[PDB]
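# Summary of structural features
Chain residues, written in single-letter form:
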Amino acid sequence: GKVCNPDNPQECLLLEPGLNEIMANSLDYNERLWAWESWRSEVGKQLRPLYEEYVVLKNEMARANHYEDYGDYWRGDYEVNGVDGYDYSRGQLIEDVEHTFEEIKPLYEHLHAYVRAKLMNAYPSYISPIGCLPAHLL
Amino acid sequence: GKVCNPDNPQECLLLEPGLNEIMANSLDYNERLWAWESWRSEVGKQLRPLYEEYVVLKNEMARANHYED
Amino acid sequence: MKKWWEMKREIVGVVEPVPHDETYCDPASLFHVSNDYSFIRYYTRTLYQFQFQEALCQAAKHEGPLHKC
Amino acid sequence: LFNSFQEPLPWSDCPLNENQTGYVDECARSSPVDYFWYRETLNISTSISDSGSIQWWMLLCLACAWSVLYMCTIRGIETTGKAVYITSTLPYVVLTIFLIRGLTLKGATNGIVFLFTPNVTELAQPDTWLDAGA
Amino acid sequence: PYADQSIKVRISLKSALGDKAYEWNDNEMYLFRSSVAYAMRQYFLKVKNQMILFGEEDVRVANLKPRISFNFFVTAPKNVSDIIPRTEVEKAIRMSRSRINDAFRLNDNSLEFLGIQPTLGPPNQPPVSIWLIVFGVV
Amino acid sequence: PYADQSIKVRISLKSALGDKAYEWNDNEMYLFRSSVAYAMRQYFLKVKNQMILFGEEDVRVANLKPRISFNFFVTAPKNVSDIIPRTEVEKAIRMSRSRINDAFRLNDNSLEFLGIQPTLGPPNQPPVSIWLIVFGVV
Amino acid sequence: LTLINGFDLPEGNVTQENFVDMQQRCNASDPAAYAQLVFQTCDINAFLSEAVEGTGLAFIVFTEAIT
Ligand SMILES: *[C@@H]1O[C@H](CO)[C@@H](O[C@@H]2O[C@H](CO)[C@@H](O)[C@H](O)[C@H]2NC(C)=O)[C@H](O)[C@H]1NC(C)=O
Ligand SMILES: *[C@@H]1O[C@H](CO)[C@@H](O[C@@H]2O[C@H](CO)[C@@H](O)[C@H](O)[C@H]2NC(C)=O)[C@H](O)[C@H]1NC(C)=O
Ligand SMILES: *[C@@H]1O[C@H](CO)[C@@H](O)[C@H](O)[C@H]1NC(C)=O
Ligand SMILES: *[C@@H]1O[C@H](CO)[C@@H](O)[C@H](O)[C@H]1NC(C)=O
Ligand SMILES: *[C@@H]1O[C@H](CO)[C@@H](O)[C@H](O)[C@H]1NC(C)=O
Ligand SMILES: *[C@@H]1O[C@H](CO)[C@@H](O)[C@H](O)[C@H]1NC(C)=O
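This write-up is about the structure you can find in this document. (Residues numbered from 1 in each chain as written, not as in the entry; some residues may be left out. Chains lettered and ligands numbered in written order. Part of a larger assembly, values for the part shown. Heavy atoms only, no water.)

## Focus on unusual backbone geometry
Residues other than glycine predominantly adopt negative phi, and peptide bonds predominantly adopt the trans conformation. With phi around 65 degrees, D:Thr109 is a residue other than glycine that occupies positive phi space. Residue F:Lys20 is not a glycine yet carries a positive backbone phi of 70 degrees.

## Considering the packing of aromatic side chains
For the coordinates displayed, the defined rule picks out 31 aromatic pairs over all chains. Each ring, one from A:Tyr29 and one from A:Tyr123, has its centre 6.5 Å from the other, and the planes form 65 degrees; the classification is edge-to-face. Here A:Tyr123 lies in the loop between α5 (105-119) and β3 (133-134) and A:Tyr29 lies in helix α2 (residues 29-63), a separation of 94 residues in the sequence. Each member of the pair A:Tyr29 and A:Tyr123 is classed as buried. Ring geometry for D:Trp37 and D:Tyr38: centres 6.2 Å apart, planes at 55 degrees, overall tilted. (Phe/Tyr/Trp six-rings, centres within 6.5 Å; stacked < 30°, edge-to-face > 60°. Helix = DSSP H or I, 4+ residues; strand = E, 2+ residues; numbered from the N terminus. Buried < 20%, exposed > 50% of the residue type's maximum accessible area, 1.4 Å probe, protein only.)

## Describing the interface of chain E and chain F
Every contact between the two is made by 22 residues of chain E and, on the other side, 22 residues of chain F. Together, the buried faces of chain E and chain F total about 1,900 Å²; carbon and sulfur atoms form 44% of this surface. Applying the counting rule to chain E against chain F returns four salt bridges. Linking E:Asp102 and F:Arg105 is a salt bridge whose minimum nitrogen-to-oxygen distance equals 3.1 Å. For the pair chain E and chain F, the number of links is eleven residue pairs in polar contact. (Contact = heavy atoms within 4.5 Å. Buried area = accessible area lost by both parts, 1.4 Å probe. Salt bridge = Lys/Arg side-chain N within 4 Å of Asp/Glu carboxyl O. Polar contact = N/O pair within 3.5 Å; in protein donor to acceptor, adjacent residues only side chain to side chain.)

## Focus: the packing of helix α2 (residues 26-43) of chain E against helix α3 (residues 86-104) of chain E
All names here are of chain E. Where α2 contacts α3, the two axes come as close as 8 Å, and the packing angle between them is 130 degrees. Relative to α3, α2 is oriented oblique. Between α2 and α3 the crossing geometry is right-handed. Counting all contacts with α2, which are made through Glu28, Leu31, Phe32, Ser35, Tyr38, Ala39, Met40 and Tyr43, the residues of α3 involved are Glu88, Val89, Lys91, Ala92, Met95, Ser96, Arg99, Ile100, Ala103 and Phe104. A per-class count over the contact of α2 with α3 returns twelve nonpolar, two polar and four charged. (Axes fitted to C-alpha atoms, helices over the stretch in contact; angles between N-to-C directions. Parallel < 35°, antiparallel > 145°, perpendicular 65-115°, else oblique. Left-handed = near helix turned anticlockwise from the far one by under 90°. Nonpolar A, V, L, I, M, F, W, Y, C, P; charged D, E, K, R; others polar.)

Rendered as structure tokens:
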């Protein structure tokens, strides 16, 4: 998939070279916003009807295997059965993930607040000091 | 300038190869109509604002040479 | 997409710069999502990586901070 | 009676001030009928100790009322006895029309009961009996 | 990032139409967006004497709800980073409001725009002050 | 090649509005095209139960004139060779005509469609045949 | 109107019969946004007691009903 300028529609950009290096190097709010939104509207729009079908098919492929869905199929890699105390059931992984993540939130909030205070000196008048971070500046 | 399919938007066609050989070989009314109308709407639309200016400039270049236009 | 951009604002702390209706699919434009890969290994790998590191200098009898082990 | 004979009745909507975008504050905080009564007809003041002009637009109505009254009683009997035929008859027709129009509204038969539900704790005050006698 | 140039819209069908009220599907949001684009086109031709081809894909909509209230803002034709300042959208609508009300059969109390209020008309009724004429008459 | 699926439209402003008539610039052809696209969207959702995204670039217009009469036809969304057969356009319009008339303030004699004529209403007035009641009355 | 403007409830869902139930639900859902709203407390058989002043009945209520 490729994206091209609104001004000169004859130069189109792939992602691996070209669209990545804009997002990785540029410091121009408008150019980053263009690249960000354009990659999602030009190529995200194509993938939606296919993803809605991939979901449905993968779910049958899993239910026909004595699983609940494809999710519970993927978590099947962390499961142990009948070894006396080392057992681990596919439903525990969600508890462990959600319970270890609540101990990181304190550190991530400070790291996130520190970055916000330092982007406001690179793109002033675009970031509010009590809000989130715009997604195209990260 | 290049043109690409409405179905698979990831295959675009230039004119010198590709869009010429459709018009020169195909016998499918719908494919010919697609190629024809698409080349004019994708690339004719870009050239109109430039042609309107080229006309004006060339006319001055001629009137300054003791011609009418 | 409504839940996607609800969870982004609440967990990650990141907001989108233009609103996105239900004709988009922003997660599908990521390499792992649109190539059918499991994504959790990158979570648990991060924690094992430091559990191993911390339980290994204590065998090497470390002195100071962990990050100078 | 004179301010009728016009379809946008004067007591139906508020007037606009000098800046013709917002209502007059007196007519905004209250009803337009209260405004037409208290400000456009009476121009009432704030206390009994504040007398003002004579307000010509009431002198005309007062003079018309007294002139009509003097016209009808120019000679006592033999002249009022000719006007009474209409004067004491028209009300009993207009009132029947208005009763028929009133008993078919929304709040009718819901506001009449308030008139006929007495409270036995009010009959023991001297004020009510004095007012009934008066 | 876009919430200070947005306008709020609130629509109350079952009040104005009472019944007979159509149902508000997506083909109504389409008509609404294109009518707003028409209003913007007119404002930039009889005030600023430019000619800009706004489309229905330049009206962005957010936070749809059952009350039938949402937010919208407008961008330049193909430049996603160019948000028309809200104070000009508030003029385009003040100009073409009577025509937007008609496309839907709403009447300025069922199509509130939350920030732009109706004004037009002074009470220049009487050239005669009928009451004194009745006075003389009798 | 396209003249047997076209519909003719004739508009008479100074008759209906009398005066107050707006001027018919291109921002009116835009509104007209998008209102026709809305009508087509509705017809294919409450008759055929499909969902097709007609736009204002799928309504093709020909032979504009001062009388304000032109021709138009409709194509599938992105398939220039697919002309919706005229007999279905004549139904979509019969369905949404009362709503197209409003967007412009015309009234079914100033927005003739030349091939689709108005029909709706029988004279079911009298439940009493007042005349014999007056008869008895006297 | 105030209630449905607060929580953005459908137009034809909040009526006279089930008003208290929807009020209770909208409070128990989001106490903050509900508490900051302003309500009017007024009931029938309580506007009938609005005392009409002297000579202010034939000109205040009858004209208001005739209009
Ligand atoms: C899209 O619109 C933006 C405005 O939002 C344009 O950005 C301006 O660019 C010029 C020169 O490139 C700068 O002088 C201005 O300061 C920019 N605007 C702001 C608000 O800073 C941008 O040029 C437009 N893009 C196109 C292709 O026209
Ligand atoms: C565009 O629409 C045309 C119809 O006008 C489609 O052409 C049909 O194609 C199928 C198979 O390709 C044939 O069986 C039909 O006979 C064609 N129609 C006619 C009238 O002959 C065409 O497929 C459409 N293109 C796309 C990309 O959907
Ligand atoms: C009317 O407009 C003027 C400005 O021309 C302003 O000063 C005045 O306050 C306005 N009137 C009201 C009641 O707001
Ligand atoms: C109403 O009274 C005030 C003060 O008594 C006076 O200034 C005003 O002119 C009066 N109204 C009219 C219409 O004269
Ligand atoms: C009001 O909306 C709620 C939302 O779920 C619904 O359950 C309820 O039935 C609605 N009220 C009526 C009267 O239908
Ligand atoms: C709203 O809900 C809170 C929840 O505890 C309750 O304490 C409060 O009394 C309620 N108030 C109203 C007005 O419903």
